[PDB]
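Data first, discussion second: the structure below is written as structure tokens.
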Amino acid sequence: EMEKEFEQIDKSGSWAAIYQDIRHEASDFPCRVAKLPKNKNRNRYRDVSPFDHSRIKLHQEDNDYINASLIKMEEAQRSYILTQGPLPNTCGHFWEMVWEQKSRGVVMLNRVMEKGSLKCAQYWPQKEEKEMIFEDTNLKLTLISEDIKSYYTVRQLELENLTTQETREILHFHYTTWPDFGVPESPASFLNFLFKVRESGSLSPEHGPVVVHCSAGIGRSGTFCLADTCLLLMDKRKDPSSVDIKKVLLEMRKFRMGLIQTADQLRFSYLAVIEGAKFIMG
Ligand SMILES: CCCCCNC(=O)[C@H](Cc1ccc(N(C(=O)C(=O)O)c2ccccc2C(=O)O)c(/C=C/C(N)=O)c1)NS(C)(=O)=O
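Position in the sequence shown (first residue = 1) + 1 = the authors' numbering.
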């Protein structure tokens, strides 16, 4: 029972200690491509890079680099591409990735501006009649429809490979209420958002991996993938109480560094799973 464990950590207020154990135990792999001088402007943060072994490669002989990692969860049979919020100069790379990986959905967990500064480039069109064209990767993006709700917005986008004239519908799930500081009060809206993404089929095997990002693509984005996999596993195993969130996180960290950046985010992940289980259980 993780809820029982949850209350113990709370009781003895040892979240930071536990979060630190995970940090210490976390995998560590080379990120040589990410560090090449030629890719300096393709990274938002100097200390956030994709491991070479799990990085997403753009299908171009020029520079195949993009700060994105493929998190493959074998047992849960779920895959996620975690990436950084695109930069002014990497929006075309971003959509090129979405196209080449055949993703069905993009999940955004932050706002373009937070705390008064830019945390992500405006990579999608805001008005139907004003489509976007990424000349460097030869892609066209058009806002087809938008549905603004209280805690999130879902947008229907059309991505066109100008080279082949081929087009695909891309769903953009934007969680718009994540607080500037800290984590949400309750995982309720976050969980609802998660189920909305699921219900769309964007997380399903018939499509490429969903693309998930926030600013660095490790903290909030980690919370999303962690909660989803844990819930899925509790649904798959005949003994749901065997699902160990700390274990799941360490496994995910083998594919991208620093998923879950604070003790608050860790605690929140527990809440989300526990609360999500009480509902998803039936
Ligand atoms: C693995 C390497 C990490 C080493 C530390 N590096 C950093 O914090 C940063 C990168 C970095 C790492 C994690 C961040 N973070 C995230 O959840 C996220 O965006 O992935 C959050 C982190 C903590 C709390 C909240 C958030 C958040 O956005 O919710 C953020 C976002 C902060 C913000 N909202 O302004 C930035 N690098 S640098 C050059 O020192 O600035």
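All residues carry an ideal CB built from backbone N, CA and C; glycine is no exception.
Assignment of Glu159 by DSSP, reduced to helix, strand and coil, places it in the strand class. About 3 angstroms separates the CB atoms of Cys121 and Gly86; that is less than 8 angstroms, so the two are in contact. The segment 267–280 makes contact with the segment 174–192; the number of CB pairs closer than 8 angstroms reaches 3 or more.
Three or more beta-carbon pairs separated by less than 8 angstroms are not found between the segment 222–240 and the segment 160–168, which leaves the two stretches without contact.
In this structure, the beta-carbon distance from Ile82 to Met98 falls below 9 angstroms. At least one heavy atom of ligand 1 lies less than 8 angstroms from the C-beta of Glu115. Annotation: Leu250 to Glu207 spans about 25 angstroms, alpha carbon to alpha carbon. Between the segment 197–217 and the segment 104–113 there are three or more inter-stretch CB-CB distances shorter than 8 angstroms, so the stretches are counted as touching.
Distance from the CA of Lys141 to the CA of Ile171, rounded to the nearest whole angstrom, comes to 12 angstroms. Shortest gap from the CB of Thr263 to any heavy atom of ligand 1: under 8 angstroms. If you check the C-beta of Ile134 against ligand 1, you find no heavy atom less than 8 angstroms away. In the same chain as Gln21, and ignoring 5 residues on each side of it, no C-beta atom comes closer than 6 angstroms to its own.
Our two residues, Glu75 and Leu37, have alpha carbons roughly 31 angstroms apart in a direct line. By a beta-carbon distance limit of 8 angstroms, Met3 does not contact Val198. Their separation comes to about 23 angstroms. In terms of Cα proximity to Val244, the closest of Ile134, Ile261, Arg169, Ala278 is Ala278. Under the three-state reduction of DSSP output, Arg43 falls in the helix class.
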